[PDB]
There are 2 protein chains.
Amino acid sequence: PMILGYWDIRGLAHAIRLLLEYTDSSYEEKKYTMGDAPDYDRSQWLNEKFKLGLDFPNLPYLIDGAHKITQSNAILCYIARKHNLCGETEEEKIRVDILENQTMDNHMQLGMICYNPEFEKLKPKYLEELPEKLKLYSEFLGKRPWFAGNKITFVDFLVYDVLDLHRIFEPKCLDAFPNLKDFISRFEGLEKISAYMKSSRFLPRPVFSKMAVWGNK
Amino acid sequence: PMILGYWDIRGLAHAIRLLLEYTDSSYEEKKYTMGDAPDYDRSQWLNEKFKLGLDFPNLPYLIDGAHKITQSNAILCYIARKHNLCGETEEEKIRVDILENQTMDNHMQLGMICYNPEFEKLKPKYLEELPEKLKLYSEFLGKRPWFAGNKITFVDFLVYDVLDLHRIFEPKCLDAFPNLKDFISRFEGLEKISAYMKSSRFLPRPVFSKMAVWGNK
Ligand SMILES: N[C@@H](CCC(=O)N[C@@H](CSc1ccc([N+](=O)[O-])cc1[N+](=O)[O-])C(=O)NCC(=O)O)C(=O)O
Ligand SMILES: N[C@@H](CCC(=O)N[C@@H](CSc1ccc([N+](=O)[O-])cc1[N+](=O)[O-])C(=O)NCC(=O)O)C(=O)O
């Protein structure tokens, strides 16, 4: 069975875990524990980091037999390809590519301030800007059932994670975009998704690692 | 003809410009000018940002008729797909995916400190770490003519820009990895590449925008 390595948190592995579940993939998980402050001992991972045969050692990392992979989006396409969720038409592949990177951006943005000691000070501006960000995704999705088009793709998992992370950060954020709310309903309503969410495996928190100022627990 | 919008600098548009050239693509450039300190007036771009019909307004952006694209890596695949440089075999697509993101990481890393006011203080550590970074690419490439494998792909443009930016930042950096040096020789040795470098179009500097503390000019 495949084996997904990551910290004992949600973070970046979220969309992957969801995808793996949606695809009925056979897998295990090698969760790494980070020590408490002030050191935040990472040795559990560092003692293994370069022993796994990974090309660019990192987290998350996926191991499927002889295939060792790093970089979240790389791991997602890998999985998605086995179930034709990496896109089909031309326009689909474009939307996929754009989102694939757009979400990664918007994510690192939140991550950056949530790990910034001055989070409290920065928070005001970030929130002032967020509505427009969400709007973009609303406009983008429009009347489509999924982001790529009529068929679901791995990018839907990425958009979800991002959108979800924001209802958690600011609950009223998605209130102004019905289609987005429906998207979340539609995504969580997915049979294998719904079931996974009610299982013991579902790890929706902590959102970030112990070093984080927000969602660190 | 296609139209590539970006700042009047190298930056993220570099690999794209190189690819476009190597593919003999018919295109123009909409270069945006940033005002001098302390305001760094961006208005030339802001007054157009939401008028272009882009989905997620940003730079660089590519316009091919009805197709409006953002996110550098999104733009690269779009172009590479028209010429079969987006990867073919399974293992090829993996390497492409990994590098497509790996390079983007290593890039932002450099960008972050080069835009950091305390650049001078941060520089010492970054340099202490760089060798291992480069080594990863060397190990990765190994005895292959190209990163993807025997055929050249758009990621080779990404790896080049990164490797190039680092010889500029620290000339002796690549000295310990012959295969990487040969890679640089082999890439610039490409007919259309070589030619483009001797042209008036070649924009290798400034490396970053005016806001940068390094390579700002
Ligand atoms: N581009 C890579 C990024 C991988 C990465 O950064 N992994 C991190 C945790 S994520 C992370 C780490 C720091 C911050 N931060 O804000 O400081 C935010 C996030 N995040 O998940 O957004 C890690 O611990 N890697 C193991 C290692 O480096 O050896 C990918 O998407 O796979
Ligand atoms: N993920 C996107 C990122 C796009 C982006 O960052 N665009 C910047 C320039 S790049 C950039 C900007 C800042 C820093 N920095 O280090 O501070 C590094 C880089 N970089 O290219 O590496 C911009 O000016 N966009 C127009 C807008 O936002 O309206 C992509 O790769 O296309």
Side-chain angles (χ1 to χ4, degrees), chain A residues 5-7 9-16 32 34 40 42 45-46 48-50 52 54 56-62 69-76 97-98 100-116 119 158 161-162 165 207-209 211-216, chain B residues 5-7 9-16 32 34 40 42 45-46 48-50 52 54 56-62 69-76 97-98 100-116 119 158 161-162 165 207-209 211-216:
Chain A
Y6 198 57
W7 293 117
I9 58 172
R10 172 187 177 132
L12 294 169
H14 205 47
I16 302 182
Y32 291 98
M34 188 181 284
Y40 290 124
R42 301 167 66 216
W45 158 231
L46 301 184
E48 263 181 78
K49 189 173 193 176
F50 304 105
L52 299 174
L54 297 176
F56 295 92
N58 214 335
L59 293 179
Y61 73 71
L62 183 66
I69 301 174
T70 50
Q71 294 297 328
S72 51
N73 288 353
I75 297 175
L76 290 178
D97 289 330
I98 294 184
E100 183 175 4
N101 297 285
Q102 185 66 19
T103 63
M104 175 55 104
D105 276 8
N106 291 143
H107 183 97
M108 283 308 131
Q109 301 183 336
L110 181 64
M112 262 184 293
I113 78 163
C114 288
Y115 275 76
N116 190 329
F119 170 95
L158 289 179
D161 186 10
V162 172
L165 288 188
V207 175
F208 296 125
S209 67
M211 307 180 282
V213 178
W214 188 98
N216 65 118
Chain B
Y6 197 54
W7 296 113
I9 58 171
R10 173 186 179 131
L12 293 174
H14 207 55
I16 300 175
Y32 291 92
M34 192 180 287
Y40 291 125
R42 299 166 93 203
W45 157 234
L46 297 182
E48 259 185 86
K49 189 175 193 176
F50 303 93
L52 303 169
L54 293 177
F56 295 92
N58 214 332
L59 295 176
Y61 70 75
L62 180 66
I69 303 183
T70 52
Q71 295 295 333
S72 57
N73 285 2
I75 296 174
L76 290 180
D97 285 327
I98 299 181
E100 181 180 8
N101 294 290
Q102 187 62 24
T103 64
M104 175 61 104
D105 274 4
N106 285 147
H107 183 97
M108 269 2 150
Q109 303 173 359
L110 184 61
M112 286 188 295
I113 82 163
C114 282
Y115 275 72
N116 190 320
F119 170 89
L158 293 171
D161 186 9
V162 168
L165 290 182
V207 176
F208 297 117
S209 68
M211 311 180 283
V213 176
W214 187 96
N216 63 118

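Just follow the structure's listing: the first ligand is 1, and inside any ligand the first atom is 1. Hydrogens, waters and symmetry mates are skipped; everything else that's a heavy atom, side chains included, is used. Order of the sequence lines fixes the chain letters, A, B, ..., with proteins taken first and strands second; residue numbering starts at 1 for each chain.
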Legend entry - Separation of B:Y6 OH from B:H14 NE2 (nearest 0.5 Å): 11.0 Å

Inset, instruction - Look up atom CZ in B:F56 and atom CD1 in A:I98, then write down how far apart they are to the nearest 0.5 Å. - result: 7.5 Å

Legend entry - Donor-acceptor contact below 3.5 Å, side chain B:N58 vs main chain B:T70: no

Inset, instruction - Say whether A:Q71 and B:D105, considering side chains only, have a donor N or O and an acceptor N or O under 3.5 Å apart. - result: yes

For ligand 1, list all ligand N or O to protein N or O distances below 3.5 Å, rounded to 0.1 Å.
| from | atom 1 | to | atom 2 | distance (Å) |
| --- | --- | --- | --- | --- |
| ligand 1 | 1 (N) | A:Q71 | OE1 | 2.7 |
| ligand 1 | 1 (N) | B:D105 | OD1 | 3.1 |
| ligand 1 | 1 (N) | B:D105 | OD2 | 2.7 |
| ligand 1 | 7 (N) | A:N58 | OD1 | 3.3 |
| ligand 1 | 7 (N) | A:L59 | O | 2.6 |
| ligand 1 | 16 (O) | A:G111 | O | 3.2 |
| ligand 1 | 22 (O) | A:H107 | NE2 | 3.4 |
| ligand 1 | 24 (O) | A:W7 | NE1 | 2.8 |
| ligand 1 | 25 (N) | A:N58 | OD1 | 2.7 |
| ligand 1 | 29 (O) | A:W45 | NE1 | 2.8 |
| ligand 1 | 29 (O) | A:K49 | NZ | 2.7 |
| ligand 1 | 31 (O) | A:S72 | N | 3.4 |
| ligand 1 | 31 (O) | A:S72 | OG | 2.7 |
| ligand 1 | 32 (O) | A:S72 | N | 2.8 |

Legend entry - Straight-line distance of A:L52 CG to A:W45 CH2, nearest 0.5 Å: 6.0 Å

Legend entry - For A:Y115, ring-ring contact (aromatic ring centres under 6.0 Å, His included) partners two or more places apart: A:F208

